[PDB]
Amino acid sequence: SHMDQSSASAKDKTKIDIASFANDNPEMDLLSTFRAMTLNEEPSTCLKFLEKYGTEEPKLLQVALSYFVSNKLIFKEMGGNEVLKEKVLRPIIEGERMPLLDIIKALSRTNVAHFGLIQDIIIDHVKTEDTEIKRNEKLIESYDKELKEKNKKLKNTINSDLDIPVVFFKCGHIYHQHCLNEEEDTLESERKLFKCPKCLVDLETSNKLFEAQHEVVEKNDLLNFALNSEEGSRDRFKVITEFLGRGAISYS
Amino acid sequence: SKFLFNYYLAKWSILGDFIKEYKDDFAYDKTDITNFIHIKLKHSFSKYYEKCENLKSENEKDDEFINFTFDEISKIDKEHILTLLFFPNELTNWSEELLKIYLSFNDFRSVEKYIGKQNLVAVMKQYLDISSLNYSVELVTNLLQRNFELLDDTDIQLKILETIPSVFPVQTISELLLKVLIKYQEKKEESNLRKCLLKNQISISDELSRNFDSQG
Amino acid sequence: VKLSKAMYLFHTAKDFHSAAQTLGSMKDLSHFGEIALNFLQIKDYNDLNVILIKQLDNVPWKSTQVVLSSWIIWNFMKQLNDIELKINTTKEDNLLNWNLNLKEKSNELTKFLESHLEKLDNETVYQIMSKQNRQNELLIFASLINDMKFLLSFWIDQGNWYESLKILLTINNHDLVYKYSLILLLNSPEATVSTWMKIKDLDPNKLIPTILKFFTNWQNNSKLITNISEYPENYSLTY
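Residue numbers (full-length UniProt numbering), protein chains in the order written: chain U, 756 to 916, 935 to 1025; chain V, 779 to 789, 800 to 832, 838 to 887, 890 to 1011; chain F, 369 to 459, 465 to 612.
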């Protein structure tokens, strides 16, 4: 078959080539082989192959973003730049293919790209900057009012208030500091096992804390995995902060 | 006393040619305008000024004489250029004003000295008239990178990005675009972190209020 | 009293280089958020890191330590960018020393990572540091944890053929080579052939289709050459 293919020439069959991939399952490997063949001989058939097989071609599209723009002469032969702007750039931008910085770096990897594509990138960056500025302004406006209201409420609560100055246990206990409760030593019971001072021992084993810790760890791991898969595909940011806002610091 | 100085003060053809020759060069970090003037003077007059400079050096405290000399230089102006020889570092003897001459042909040092939050896009537009194939782009990139902290307004940043050249390679502006994007992302992340911290503080206050409610 | 004593310095003196350092001597802390909130407005990365680093000793029931560790990694990374921006804000030697101190801070970041490497391990630092570029820190972290899976891909993408070959030589999996030897052979068959010969543990049955593809490419190159037309073909035949 290899000898016949070497002898054979001037044959064009896009559909037959996909079905003649032996296992016909390695679509990514077939796309890589097609890119290698284009490196050997690029006749703009890569666009036809992408049109014929576009599903799950996000990685293929990312590779083509540099394959079709590897050479300025090849890019000019590849329908100049209108086709890439209409088909390649637009679909990649609208399909959330990758980060804007990654695309900018991939474009900067070349050295003979016209500024018209850079002009479209500048328009997209202007839109993104406007969105980011609006989001930052809204966040600051909310945060200032929230901080002012919280400070006022805390001041009112403190001024509002077994009445000696003391810090009550934040897990269901309260006592007067001047009544010798403060500074009881005993190594602070090692933070009292992250619980209020019961001032007594009732035995009955100890598994609630372990169960709570295991549940918290499992929930955090599941949330991180789901975010990376669906929500926080970019990074744990805006998700780790969200978990921190739930009160992970505890200190109760 | 001052009469001899007035006589010395009493006692602009090649200046235009020298200015044109200096303007011919379009280097981002060439010799300064004062440095270029000093080099031209060395190539070249100033001996009489040096004689006046000897009196000027002895006039380190004669404020009235300094003002009189500045007024005489203004009245003895030569193409509004020779005063720079008499005032190499005495621009306040007689800031919003040097750009007429310092920024006329080319002065990167003077541009940085007289830079500001406003009157920035106009300077970039004026410098864009170099019409070089790539030297103009390189000079614009150097000017942007030199004072990259000057631009700190969203509207100003948008206006600056709008007037970018449309025939320049993306590689030259790639570093600036990446820096701007990174700065914007960092600012957004900082704002989000501050909001999360404020929410955590509000939750702590709410927990304290709930505990107080439990306390009776 | 120690907390109250540091309050006066924080309110008026504001010398967190010593006040927070003195405040860092506290054994147990409760108002961490309140202290951080005031320190947040100060925007002093060093002061925030000093309190956070000491607070990392509070192991607790793990899990949340990673959340604190993520902020610790970000704080140092954010400080480096601020220092880099300040370094790039030149308009000298101390700044170069600060840049050297930034390398020392990077060494401190490596030292901080080395000390608690087992404590903080979620692969999120790689994602966190990726968004801010700075590939040197990512490479150092990859060298810290012996995986080389992402390191090999990064080296292949960058184009360091010699470094990629050196990394692949140490790897004894022989499956990654059997998968991606085609690109390496196409890039430099001469070095690849010697590397494969010296590597051993590579069955000739594998890459047979790759060998055929390499022969076809060599013939295509030879279609327009006379003297060294079959040079890649000669290398493949010799291998």
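The beta carbon of each residue, even a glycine, is placed where N, CA and C say it ideally should be.
>> Please tell me whether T583 (chain F) has its Cβ less than 8 angstroms away from any Cβ of chain U.
In response: no
>> Between which two residues does the alpha helix (DSSP H) holding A387 (chain F) run?
In response: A387 to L391
> Would you call the segment 893-902 of chain V and the segment 841-855 of chain V touching, i.e. three or more CB-CB distances under 8 angstroms?
Replying inline: no
> Is the Cβ of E933 (chain V) closer than 8 angstroms to any Cβ of chain F?
Replying inline: no
> Taking Cβ to Cβ, would you say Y612 (chain F) is nearer than 8 angstroms to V550 (chain F)?
Replying inline: no
> Where are the alpha helix (DSSP H) runs, 4 residues long or more, that stay fully inside the segment 970-1022 of chain U, in chain order?
Replying inline: 981-1002 and 1013-1018
> Buried or exposed: where does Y608 (chain F) fall if 16 or more other Cβ atoms within 10 Å of its Cβ makes it buried?
Replying inline: buried
> At what residues does the alpha helix (DSSP H) containing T883 (chain U) begin and finish?
Replying inline: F870 to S915
> What residue from V:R989, V:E933 and V:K920 has the CA that sits closest to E957 (chain V)'s CA?
Replying inline: V:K920
> Using DSSP with H/G/I as helix, E/B as strand and the rest coil, what is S398 (chain F)?
Replying inline: coil
> So, do the segment 774-789 of chain U and the segment 797-811 of chain U have three or more beta carbon pairs nearer to each other than 8 angstroms?
Replying inline: yes
> For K828 (chain V), which residues of its own chain have a beta-carbon under 7 angstroms away from its beta-carbon, when the five flanking residues on both sides are left out?
Replying inline: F806
>> Please identify the residue among U:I771, U:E811, U:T959 and U:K766 whose C-alpha is closest to the C-alpha of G850 (chain U).
In response: U:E811
> Around the C-beta of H880 (chain U), are 16 or more other C-beta atoms found within 10 angstroms, so that it is buried, or is it exposed?
Replying inline: buried
>> What would DSSP say about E944 (chain V), mapped onto helix, strand or coil?
In response: coil
> Is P938 (chain U) helix, strand or coil when you go by DSSP?
Replying inline: coil
>> Can you look up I968 (chain V) in the DSSP assignment and give me helix, strand or coil?
In response: helix
> By how many angstroms is the C-alpha of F830 (chain U) removed from the C-alpha of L555 (chain F)?
Replying inline: 25 angstroms
> How far does the alpha helix (DSSP H) with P813 (chain U) in it reach, from first residue to last?
Replying inline: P813 to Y822
> Is there at least one Cβ from chain V nearer than 8 angstroms to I858 (chain U)'s Cβ?
Replying inline: no
> By how many angstroms is the C-alpha of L585 (chain F) removed from the C-alpha of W569 (chain F)?
Replying inline: 16 angstroms
>> Closest to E851 (chain V) by C-alpha separation, out of V:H826, V:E892, V:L894 and V:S779, would be which residue?
In response: V:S779
>> Suppose the cutoff is 8 angstroms on Cβ atoms and the five residues either side in sequence are ignored; what does the same chain contact list for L872 (chain U) look like?
In response: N836, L839, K840, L844 and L862
>> Run through chain U and tell me which residues come within less than 9 angstroms of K411 (chain F), C-beta to C-beta.
In response: Ordered by position in chain U, no residue passes the 9 angstroms Cβ test against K411 (chain F), which lies about 15 angstroms from the chain.
> How about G401 (chain F): is its C-beta nearer than 8 angstroms to some C-beta of chain U?
Replying inline: yes
> Can you tell me where the alpha helix (DSSP H) with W471 (chain F) in it begins and where it stops?
Replying inline: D466 to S488
> Got a sec? Which residues, its chain only, sit under 6 angstroms from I925 (chain V) by beta carbon, not counting five neighbours each side?
Replying inline: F814 and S931
> If we count the other Cβ atoms within 10 Å of its Cβ and call it buried at 16 or more, is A763 (chain U) buried or exposed?
Replying inline: exposed
>> Tell me the residue span of the alpha helix (DSSP H) that contains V867 (chain U).
In response: Unbroken run through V867 (chain U): none, as it is neither H nor E.
>> Which of the three DSSP states is assigned to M502 (chain F) in this structure?
In response: helix
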